[PDB]
Q: 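Starting off with a structure, shown below.
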Amino acid sequence: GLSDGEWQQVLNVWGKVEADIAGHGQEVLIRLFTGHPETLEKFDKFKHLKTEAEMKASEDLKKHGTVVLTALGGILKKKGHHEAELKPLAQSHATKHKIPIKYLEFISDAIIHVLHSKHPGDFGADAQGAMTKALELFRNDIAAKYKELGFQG
Ligand code: HEM
Ligand SMILES: [O-][O-]
């Protein structure tokens, strides 16, 4: 798991996200969709977004970014004790949304990118290490639930 110090770094970084959750969420999703267009196809309600300008102008995309990062933030604040919060998300993403674990890797990478992009010089090496560990733990616990379900994608 993560040490006390590492969790503290994670939650300090998260304070930066919370100052503009919609903006961070929007940029995370745009990074995901532009870097990996196959991910956009999982969202019937975002398929019409043909260009990045359209993505940037989508108020619904910002709304969804808020929903995603709010869920993630609640999970991070549990500092690993997140079974009850994580289980339903793992199950909805496997059974309903059909999201391969690879796409969770993609979005994890997008979060790290957006943190540097929005806070250049203010996302230190220790903070990146801690946030990476937290996102890996999240992904790994989802992966365990995916294996239970026999879900691949
Ligand atoms: C940080 C990781 C993620 C978190 C915390 C997250 C969270 C959520 C939440 C809270 C919802 C609404 C409730 C639900 O359906 O369970 C949702 C819906 C959804 N998620 Fe995710 N999600 C994540 C990653 C992804 C990724 C990587 C994809 C696809 C590439 C994805 C695809 C979807 C889709 C298609 C919906 C339904 C959207 C709609 O039509 O309203 N999710 N997600
Ligand atoms: O996308 O959640």
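Every heavy atom of this structure was used, including side-chain atoms; hydrogens, water molecules and symmetry mates were not. By convention here, the first residue in the shown sequence is residue 1.
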Q: Does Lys77 have any salt bridge (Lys or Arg N to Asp or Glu O under 4.0 Å) partners at least two apart in sequence or in another chain, and if so, which?
A: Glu18
Q: Looking at every non-hydrogen atom in both residues, tell me the closest pair between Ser58 and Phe46 and how far apart they are.
A: OG-CE2, 4.4 Å
Q: For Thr66, does its backbone N or O pair with a side-chain atom of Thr70 as donor and acceptor, under 3.5 Å?
A: yes
Q: Going from CG on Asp109 to CG on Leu32, what distance comes out if it is rounded to the nearest 0.5 angstrom?
A: 10.0 Å
Q: Can any side-chain N or O of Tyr146 pair as donor or acceptor with the backbone N or O of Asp141 at less than 3.5 Å?
A: no
Q: Does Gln91 use its side chain to pair, donor to acceptor, with the backbone of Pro88 at less than 3.5 Å?
A: no
Q: Are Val28 and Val68 side-chain neighbours, meaning at least one heavy-atom pair lies under 4.5 Å?
A: no
Q: For the atom pair CD1 (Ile101) and CD (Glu105), what is the distance rounded to the nearest 0.5 Å?
A: 9.0 Å
Q: What are the two closest non-hydrogen atoms of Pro100 and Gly153, and how far apart are they?
A: CG-CA, 4.0 Å
Q: I'd like to check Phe123 versus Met131 (side-chain heavy atoms, cut-off strictly below 4.5 Å). Are they in contact?
A: yes
Q: Could you tell me the separation between the CD atom of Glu85 and the CG atom of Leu76, rounded to the nearest 0.5 Å?
A: 11.0 Å
Q: Using atom types as modelled and distance alone, determine if a side-chain donor or acceptor of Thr39 lies under 3.5 Å from a backbone N or O of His36.
A: yes
Q: Is the closest side-chain heavy-atom distance between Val17 and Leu72 below 4.5 Å?
A: no
Q: Would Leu11 and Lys79 count as a side-chain contact (heavy atoms from CB on, under 4.5 Å) here? Give the steps.
A: CA-CA 9 Å; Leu11 297 182; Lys79 298 165 64 183; 4.3 Å; yes
Q: Do any pairs count as a ring pair (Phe, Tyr, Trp, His ring centres under 6.0 Å) and have a residue in residues 66-99, sequence neighbours left out, and if so which ones?
A: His93-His97
Q: Is it the case that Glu27 and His113 place a side-chain donor and acceptor less than 3.5 Å from each other?
A: no
Q: Pair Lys47, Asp44 - check side-chain contact (heavy atoms from CB on, under 4.5 Å), show working.
A: CA-CA 5 Å; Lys47 283 182 181 174; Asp44 290 334; 3.1 Å; yes
Q: To check you understand the geometry: which heavy-atom pair defines the closest contact between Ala90 and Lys145, and what is its length?
A: CB-CB, 3.6 Å
Q: When you measure from the side chain of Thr95 to the backbone N and O of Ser92, does any donor-acceptor pair fall under 3.5 Å?
A: no
Q: State, yes or no, whether a side-chain contact exists between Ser3 and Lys133 at a heavy-atom distance under 4.5 Å.
A: no
Q: To the nearest 0.5 Å, how far apart are CG in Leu69 and CD1 in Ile75?
A: 11.0 Å
Q: Using a cut-off of 6.0 Å, state whether more than 12 heavy atoms not belonging to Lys56 lie near its atom NZ.
A: yes
Q: Under 4.5 Å between side-chain heavy atoms, counting indirect links through other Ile/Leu/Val/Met/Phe/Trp/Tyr residues: same cluster for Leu104 and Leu149 or not?
A: yes
Q: Could you report the tightest heavy-atom contact between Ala127 and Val13, atom names first, then the distance?
A: CB-CG2, 3.6 Å
Q: Kindly indicate, with the supporting measurements, whether the criterion side-chain contact (heavy atoms from CB on, under 4.5 Å) is fulfilled by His24 and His119.
A: CA-CA 11 Å; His24 283 80; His119 311 272; 2.9 Å; yes
Q: Can you see which heavy atom on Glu6 is nearest to which on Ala130, and at what distance?
A: O-CB, 3.4 Å
Q: Can you tell me which residue pairs pass the salt bridge (charged side-chain N to carboxylate O under 4.0 Å, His left out) test with a partner in residues 93-103, sequence neighbours excluded?
A: none
Q: Restricting to non-hydrogen atoms, name the atom on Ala134 and the atom on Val10 that form the minimum distance, rounded to 0.1 Å.
A: CB-CG2, 3.9 Å
Q: Are more than 12 heavy atoms from other residues, nucleotides or ligands located less than 6.0 Å from atom CD of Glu38?
A: yes
Q: Are more than 12 heavy atoms, taken from residues, nucleotides or ligands other than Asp60, located less than 6.0 Å from that residue's CG atom?
A: yes
Q: Could you state the interatomic distance from CD1 (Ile107) to CZ (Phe138), rounded to the nearest 0.5 Å?
A: 8.0 Å
Q: With rounding to the nearest 0.5 Å, note down the distance linking OG in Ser117 to CZ in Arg31.
A: 8.5 Å
Q: Quick check: do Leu40 and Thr34 have side-chain heavy atoms less than 4.5 Å from each other?
A: no
Q: Would you check if the side chain of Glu54 reaches a backbone N or O of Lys50 as a donor-acceptor pair within less than 3.5 Å?
A: yes
Q: Would you sort out whether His116 and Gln128 count as a side-chain contact (heavy atoms from CB on, under 4.5 Å), showing the intermediate values?
A: CA-CA 9 Å; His116 281 297; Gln128 180 176 335; 2.8 Å; yes
